[PDB]
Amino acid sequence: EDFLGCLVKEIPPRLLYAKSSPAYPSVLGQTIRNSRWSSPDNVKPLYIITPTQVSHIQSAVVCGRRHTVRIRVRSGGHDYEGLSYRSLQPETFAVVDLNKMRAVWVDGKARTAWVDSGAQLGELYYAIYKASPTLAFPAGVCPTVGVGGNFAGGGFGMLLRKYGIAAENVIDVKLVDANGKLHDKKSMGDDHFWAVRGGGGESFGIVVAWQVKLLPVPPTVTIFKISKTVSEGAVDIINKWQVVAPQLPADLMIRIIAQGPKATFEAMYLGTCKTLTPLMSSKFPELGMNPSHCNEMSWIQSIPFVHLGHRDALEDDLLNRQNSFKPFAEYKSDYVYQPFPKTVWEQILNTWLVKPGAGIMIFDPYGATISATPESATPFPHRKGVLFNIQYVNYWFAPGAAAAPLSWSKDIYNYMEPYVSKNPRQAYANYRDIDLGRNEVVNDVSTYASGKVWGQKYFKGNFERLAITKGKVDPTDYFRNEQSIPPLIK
């Protein structure tokens, strides 16, 4: 009725979709990345708005405030729980979908760029490349991830040891707050600008665009991928890795992927084969690396190479909006501060990763720049002392095959509890996991006590400052979801 009435006064009607609209199913599904959340049993938005101008976003928020219809914002749609376009329980909401606002304006000489939230990471990276072969930006690894959610929740990838997370390399933003007002760094103040850069999506307003500093990379980088089965000595090698990798020079990141009794060591090095080989021989000879393992290429070519194994298809891999990969998926994460006993590595490789519904485990080492930033300097607290992060990933491809992978995910998380961080058990906000806890709503406001349960896991000692900031910029909890920062007020 009147919410829609208000929208049509301010926004071109071709940018508005109701459930009855012919294109609604298509617009809704276009950036859903998880087949668990696309099916008809999921709660759907009442309306979808696809702005092309910032004034459309402002109008949508004003209308929502006036008619008390809450808005969930979607940029790339990768939210692991789908909270950008679905709710867990029946309720009325509109989705503001930013996929049409996708400009990237790079200033090569100043080494800065303005990037719309609706741009995907691959589009950002590709625009940086068109400006310079020796500039980069340290955000996620997956090209179809949206800038908006990736930066809001922190954002890290293969440059994290060198340059930290995306959010700490953001120098300004353009944001629409809960009253429809347009803000930048100057107008929003220290607290709000601190919170929005890593404090998770949705909670602190709709970010329209981000200004980033662009960072130097050499014209040639080197990648290798070396696998070790357990008979090839994987357990002893990974047991050494967990101590060595966090301490390596910042130019060298060695992550691990495991999906059975075999570990694949994937390395990105900001330099040439010529200097890498002696570094490896000196610091990590157990891996058995030699020049035949090296793949030299530009930074921009390393993005599809690391993620997909592709060397030959830059535009197709980075500029892709077909949305073809739509697994059913479950995810969990952990942080590790103390080395695992060799027996735990034996169990993970020989036992947990050879079970029905077993998934994939990805291990990213910290240390260096990401660990040098104080824990409270940004909302992202997983810094000093971190050896590595773990992501537990489960994919399946048929609707009725969820039981086994969901059970595995729960069981291995229980198994790992004694060896990972605790009090709280830390997790990465952008690896969203609703089983960590969800909000309770009382008198139409999310409660501080329910928020704290999962909030301390994502944000540790930063959670209370996030909530106090929330209370100042959005006391009525307009921008929320089931796992958004609750307001903490007078």
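Residue numbers run from 1 along the displayed sequence.
Asker: Per the record, averaged over C-alpha atoms, which has the higher B-factor: 74 to 82 or 341 to 349?
Answerer: In the deposited entry, the stretch with the higher C-alpha B-factor mean is 341 to 349.
Asker: Looking at the deposited entry, does 291 to 299 or 222 to 230 carry the larger mean Cα B-factor?
Answerer: The stretch with the larger average C-alpha B-factor is 291 to 299.
Asker: Which of these, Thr447, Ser39, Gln426, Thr52, has its C-alpha atom at the highest B-factor, as the entry lists it?
Answerer: Reading the PDB entry, the winner on C-alpha B-factor is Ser39.
Asker: At the C-alpha atoms, which of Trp241, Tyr331, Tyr163, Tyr129 reaches the highest B-factor in this entry?
Answerer: The C-alpha B-factor peaks, among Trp241, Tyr331, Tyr163, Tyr129, at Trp241.
Asker: Please place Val62 in the lowest, middle or highest third of its chain according to the CA B-factor in the PDB entry.
Answerer: Middle third - that is where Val62 ends up once the chain's C-alpha B-factors are sorted.
Asker: What third of its chain, lowest, middle or highest, does the C-alpha temperature factor of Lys262 fall into?
Answerer: Answer is highest: the recorded C-alpha B-factor places it there.
Asker: Could you tell me which third, lowest, middle or highest, the C-alpha B-factor of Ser117 occupies within its chain?
Answerer: Answer is lowest: the recorded C-alpha B-factor places it there.
Asker: If you rank every modelled residue in this chain by C-alpha B factor, which third holds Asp316: lowest, middle or highest?
Answerer: Middle third of the chain for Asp316's C-alpha B-factor.
Asker: Grab the CA temperature factor for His56 from the record and place it in the lowest, middle or highest third of its chain.
Answerer: As the PDB entry reports it, the C-alpha B-factor of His56 lands in the middle third of its chain.
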